[PDB]
Participant: 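Encoded as structure tokens, here's the structure I'll be asking about.
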Amino acid sequence: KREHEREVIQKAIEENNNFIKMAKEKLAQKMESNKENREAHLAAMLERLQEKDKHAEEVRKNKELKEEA
Amino acid sequence: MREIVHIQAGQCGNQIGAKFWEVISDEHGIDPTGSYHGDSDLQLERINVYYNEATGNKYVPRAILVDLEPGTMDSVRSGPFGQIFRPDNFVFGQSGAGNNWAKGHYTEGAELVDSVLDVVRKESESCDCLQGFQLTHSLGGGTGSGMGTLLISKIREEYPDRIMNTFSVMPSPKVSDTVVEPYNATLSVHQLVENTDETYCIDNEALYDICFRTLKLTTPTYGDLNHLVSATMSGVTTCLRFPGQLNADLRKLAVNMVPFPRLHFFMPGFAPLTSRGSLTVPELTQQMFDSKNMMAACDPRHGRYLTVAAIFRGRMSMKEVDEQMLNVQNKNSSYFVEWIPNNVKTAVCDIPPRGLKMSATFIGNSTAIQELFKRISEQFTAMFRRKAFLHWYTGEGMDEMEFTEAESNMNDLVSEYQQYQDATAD
Amino acid sequence: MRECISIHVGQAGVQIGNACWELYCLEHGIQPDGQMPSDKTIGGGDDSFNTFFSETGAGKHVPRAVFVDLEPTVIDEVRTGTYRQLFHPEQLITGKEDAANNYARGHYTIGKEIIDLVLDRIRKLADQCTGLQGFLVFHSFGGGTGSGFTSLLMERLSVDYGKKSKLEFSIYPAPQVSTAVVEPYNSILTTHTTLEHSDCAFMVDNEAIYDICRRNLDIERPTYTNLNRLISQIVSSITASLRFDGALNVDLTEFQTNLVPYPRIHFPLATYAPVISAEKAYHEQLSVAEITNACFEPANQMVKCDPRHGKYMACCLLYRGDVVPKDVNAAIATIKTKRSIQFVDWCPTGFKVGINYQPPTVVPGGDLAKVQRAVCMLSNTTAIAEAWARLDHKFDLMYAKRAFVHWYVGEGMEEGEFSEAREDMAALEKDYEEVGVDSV
Ligand SMILES: C=C/C=C\[C@H](C)[C@H](OC(N)=O)[C@@H](C)[C@H](O)[C@@H](C)C/C(C)=C\[C@H](C)[C@@H](O)[C@@H](C)/C=C\[C@@H](O)C[C@@H]1OC(=O)[C@H](C)[C@@H](O)[C@H]1C
Ligand SMILES: Nc1nc2c(ncn2[C@@H]2O[C@H](COP(=O)(O)OP(=O)(O)OP(=O)(O)O)[C@@H](O)[C@H]2O)c(=O)[nH]1
Ligand SMILES: Nc1nc2c(ncn2[C@@H]2O[C@H](COP(=O)(O)OP(=O)(O)O)[C@@H](O)[C@H]2O)c(=O)[nH]1
Ligand SMILES: [Ca+2]
Ligand SMILES: [Mg+2]
Ligand SMILES: [Mg+2]
């Protein structure tokens with residue numbers, strides 16, 4: 001009976017610790033995935049904007065070459 | 001605080017921009033010298049959203065004034081509230097844009113944009129917590145349309161996590177006969193669909209019609225049109241400028257008003273619009289939902305509302321406003337999409353516009369806005385199929401491919417509005 | 001011993017917090033400066049009110065509470081208002097930029113910047129407790145902070161305090177006072193995320209409270225102030241067992257034993273009476289029988305739903321004021337022979353009763369009549385799932401077209417989180433169906 005009493009309380013401890021561990025790991029995973037997703041979104045936005053700057057240089061250069069006519 | 005930075009570019013942009021500051025300065029009790037002389041603490045509680053506080057208890061509009069020509073801004077400086085603006089915040093060139101979007105966007109405008117950004121940076125640096133930006137401009141000219149949309153793209157690059165808001169004046173032959181305006185408008189819309197979070201469509205077509213048809217003005221001046229614009233801009237920014245619960249900042253407004261990123265073009269409205277010598281909550285409400293009161297030349301009963309914000313101003317029964325807003329939704333249920341529940345939000349502000357006991361301002365995200373874009377598109381293609389006046393733009397380095405792309409994008413936007421208009425819950 | 005820490009989150013949580021703590025002070029005779037003349041033990045004690053108030057050596061009684069909001073203007077009014085001396089400045093925590101009605105910003109983008117500070121402040125409250133019992137968390141479903149930051153906080157509290165009890169008071173959205181079209185998204189997301197981390201949650205349907213104010217107090221267009229004073233009376237009824245002693249007083253945890261038959265089925269329906277104006281209460285004493293009968297009137301529930309169309313798994317009656325068991329027993333007997341009260345077949349049908357003898361209090365300038373006796377019924381009924389059904393349906397309408405979803409994805413979330421949250425809600429609705437079915 002004493003052996004059983006010990007097993008019940010160690011079981012309670014194990015389940016509580018595993019709940020904490022799971023919760024901690026789940027939160028870390030979510031926050032990392034979120035961070036990565038947001039950063040990728042912003043990066044895509046800035047990449048498109050930089051293409052715009054690229055195109056603008058191209059336009060001014062095209063005007064330059066036609067004024068060399 | 002949550003600061004907004006205001007930018008106004010080109011003639012139209014600086015005109016309606018100046019009127020905006022005159023109108024809200026009066027509302028907030030700020031005189032032409034930047035001193036406060038109001039009679040209500042409600043006036044100053046959120047003053048910092050739009051004004052910087054300097055030495056001597058002076059309030060200075062967080063406003064930047066841009067043009068590729070000195071003209072309009074010289075007269076701004078000579079306006080009533082001309083001395084209120086920060087002199088270092090005047091940025092201008094000498095060339096002019098000649099009603100050419102390409103000069104504004106790629107050439108002249110690009111030569112000046114960096115000096116503008118220097119001022120934007122200086123205003124933004126001393127912000128406790130910058131919300132974002134609002135731009136006033138026309139789409140029909142060269143500077144506001146071309147350099148305006150260039151500024152948007154450049155600002156976006158440095159402030160990618162801030163809200164970008166525009167008051168964009170759409171061109172109409174009823175007001176301006178400048179032939180290339182549908183070119184400039186279409187090229188501009190092409191930028192706005194990609195790079196702004198929310199755009200108020202101030203349609204010169206609608207402004208003219210209101211003045212001519214309703215107000216019986218045979219010959220509307222820019223003065224008349226701009227009263228409509230300033231009344232509207234005052235109304236749609238009251239939730240930003242005074243204490244309140246609904247849409248109290250730029251991002252909360254966007255999150256309530258924009259269900260899909262590209263569909264961020266709003267139909268503004270105002271009440272009362274009545275001729276001289278010709279006002280219940282029920283009557284205010286019915287009027288603000290009538291097509292005759294819209295600042296965009298679209299009939300909302302030719303489409304459906306995705307989202308709506310209504311702002312009532314003045315002393316009135318909150319119970320009565322709630323009942324009438326419920327009533328209008330009930331009687332007009334067909335014109336609100338069923339798959340966005342509770343898509344109409346209402347605010348009441350105790351402080352009315354100058355000279356009025358009661359007023360209502362309307363912000364609609366309606367699929368009927370496609371009528372505005374179809375009108376621009378019809379005028380665009382009639383010129384573009386003949387390749388009329390293209391050398392103005394290609395001579396600046398552009399090619400026809402960009403015109404085609406801008407046209408397709410705007411035509412895509414129309415298709416998208418029609419898609420959500422046709423969508424059902426089942 | 002037995003300390004309870006309150007955490008008020010976002011505008012709704014904070015303003016309801018204002019109303020509750022003002023009411024507690026009036027109930028215990030604590031002045032706005034925190035002094036309490038009747039408390040003869042200076043700087044400490046193990047009195048019942050010490051579960052909610054710590055004490056300084058200078059005789060100040062300080063709420064065991066943290067207020068948190070991602071913008072400053074609501075909490076600034078606490079910092080500068082009537083009960084400002086009540087709170088240590090470190091208990092009132094603010095950022096600069098709110099969550100813009102966006103769960104993703106509350107839980108991630110903006111919330112992550114302040115969560116460690118908030119936990120440090122809570123830990124400072126915990127360290128002063130000799131027998132911390134748990135947390136009481138006040139927040140809206142609909143706001144970006146109330147939804148997103150609360151979820152983040154509950155998750156982090158599970159990690160830092162383990163299975164220490166966490167109870168919620170959650171404000172369920174109503175169209176009459178709602179400020180965002182996306183509140184159904186926010187509600188489903190936070191309900192899914194917090195579900196495994198909460199032991200018990202008292203939902204407060206703003207529409208139910210709005211209706212009660214209009215109907216029972218004759219208020220034309222209820223303000224948050226009107227709503228919050230009523231809500232604080234209900235919250236006070238529920239926490240009174242923790243803050244007062246008495247022979248017939250029954251601890252909230254004891255009611256909880258009966259109220260939660262399975263971990264996920266942890267949403268009691270609160271019903272409160274009497275809600276009556278001073279003008280109507282004058283010369284009209286409402287007896288134990290009358291206020292008890294009123295608990296089985298759906299118009300008086302904190303959540304709109306119809307228990308007459310569901311099954312009961314528990315019924316608890318929390319009385320306060322001039323009430324003795326004899327009268328309670330007679331009132332209950334009458335009710336059992338006249339009311340639509342059907343229990344599931346696996347649950348006992350006895351009503352569990354607690355009586356706190358300290359009479360109800362009201363705030364000056366309030367709408368409620370001062371009464372001699374009041375009662376809060378807490379029932380576990382399948383009918384509460386109606387509230388989830390209504391919310392889940394609004395969610396489905398918008399999500400089918402992915403309306404507004406780009407706002408959440410832009411802040412780093414994935415569509416995967418939406419469907420996962422919605423599936424959890426579907427399972428919950430199904431759980432409530434299943435517990436109501438008869439045993440084979
Ligand atoms: C031509 C109509 C003039 C006045 C009307 C009777 C109405 O006035 C009142 N008190 O109800 C006004 C609001 C009209 O309904 C609007 C069409 C006026 C409008 C915005 C534009 C007209 C086109 C424009 O010609 C304008 C110069 C005419 C009159 C302005 O002095 C009216 C004032 O102007 C404002 O902008 C504020 C709202 C407020 O101060 C208002 C009293
Ligand atoms: N009963 C009650 N409900 C409120 C109160 N304030 C807001 N609400 C409700 O709460 C929801 C809005 O969430 P808020 O708490 O204002 O938002 P928040 O938590 O501050 O989140 P953000 O402002 O988005 O950062 C809506 O359903 C409102 O009707 C209040 O004082 N009392
Ligand atoms: N409503 C309004 N429209 C204007 C005003 N000034 C110019 N516009 C319109 O703006 C377009 C011309 O653009 P403009 O701003 O003058 O060119 P820019 O200076 O190169 O930006 C035309 O459609 C005009 O009708 C004004 O003060 N009010
Ligand atoms: Ca003591
Ligand atoms: Mg001009
Ligand atoms: Mg808030």
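Naming: A, B, ... by sequence-line order, numbering from 1 per chain. Just so you know, these numbers use all the heavy atoms, side chains as well, and skip hydrogens, waters and symmetry mates.
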Participant: Taking the side chain as C-beta and beyond, is there a heavy-atom pair between C:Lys96 and B:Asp128 under 4.5 Å?
Facilitator: yes
Participant: Is the count of non-hydrogen atoms from other residues, nucleotides or ligands lying under 6.0 Å from B:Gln286 atom CD greater than 12?
Facilitator: no
Participant: Quick check: under 4.5 Å, non-hydrogen atoms only, which of residues 396-406 of chain C neighbour chain B?
Facilitator: C:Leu397, C:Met398, C:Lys401, C:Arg402, C:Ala403, C:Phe404, C:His406
Participant: Nearest 0.5 angstrom please: B:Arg46 CZ to C:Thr73 OG1, how far?
Facilitator: 7.5 Å
Participant: So which part of B:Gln131 gets closer than 4.5 Å to some heavy atom of chain C, the side chain, the backbone, both or neither?
Facilitator: neither
Participant: So, for C:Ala180 and B:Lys345, which heavy atoms are closest and what is the spacing to 0.1 Å?
Facilitator: C-CE, 3.9 Å
Participant: Using non-hydrogen atoms and a 4.5 Å limit, figure out which bit of B:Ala248 sits close to chain C: side chain, backbone, both or neither.
Facilitator: neither
Participant: Could you check whether atom NE2 of C:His393 has more than 12 heavy atoms from other residues, nucleotides or ligands sitting under 6.0 Å from it?
Facilitator: no
Participant: With only heavy atoms counted, which part of B:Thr307 is less than 4.5 Å from chain C, the side chain, the backbone, both or neither?
Facilitator: side chain
Participant: Heavy atoms only, distances under 4.5 angstrom: which of C:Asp98, C:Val177, C:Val182 has the most pairs with chain B? Name it, please.
Facilitator: C:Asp98
Participant: So which of B:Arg162, B:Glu338, B:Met1 has the biggest tally of heavy-atom pairs under 4.5 Å with chain C?
Facilitator: B:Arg162
Participant: Just give me the residue among C:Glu220, C:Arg221, C:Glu183 that pairs up with chain B most often, heavy atom to heavy atom, under 4.5 Å.
Facilitator: C:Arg221
Participant: Within a 6.0 Å radius of atom NZ on B:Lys122, are there more than 12 heavy atoms belonging to other residues, nucleotides or ligands?
Facilitator: yes
Participant: CG of B:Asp41: more than 12 outside heavy atoms within 6.0 angstrom?
Facilitator: no
Participant: Sort C:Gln11 into side chain, backbone, both or neither according to what part of it lies under 4.5 angstrom from a heavy atom of chain B.
Facilitator: side chain
Participant: Could you check which of B:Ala254, B:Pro243, B:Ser317, B:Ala423 has the highest count of heavy-atom pairs closer than 4.5 Å to chain C?
Facilitator: B:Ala254
Participant: Which residue out of B:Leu246, B:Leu326, B:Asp322, B:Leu250 racks up the most heavy-atom pairs below 4.5 Å with chain C?
Facilitator: B:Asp322
Participant: Residue by residue, scan residues 102-113 of chain C and write down, ordered by number, those that have a heavy-atom distance under 4.5 Å to chain B; if none do, write 'none'.
Facilitator: C:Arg105
Participant: Is C:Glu71 close to B:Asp249 at the side-chain level, that is, under 4.5 Å between some pair of heavy atoms?
Facilitator: no
Participant: Give me the one residue out of B:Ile340, B:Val344, B:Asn342 that meets side-chain contact (heavy atoms from CB on, under 4.5 Å) with C:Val181.
Facilitator: B:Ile340
Participant: Under a 4.5 Å heavy-atom cut-off, does chain C meet the side chain of B:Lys319, its backbone, both or neither?
Facilitator: both
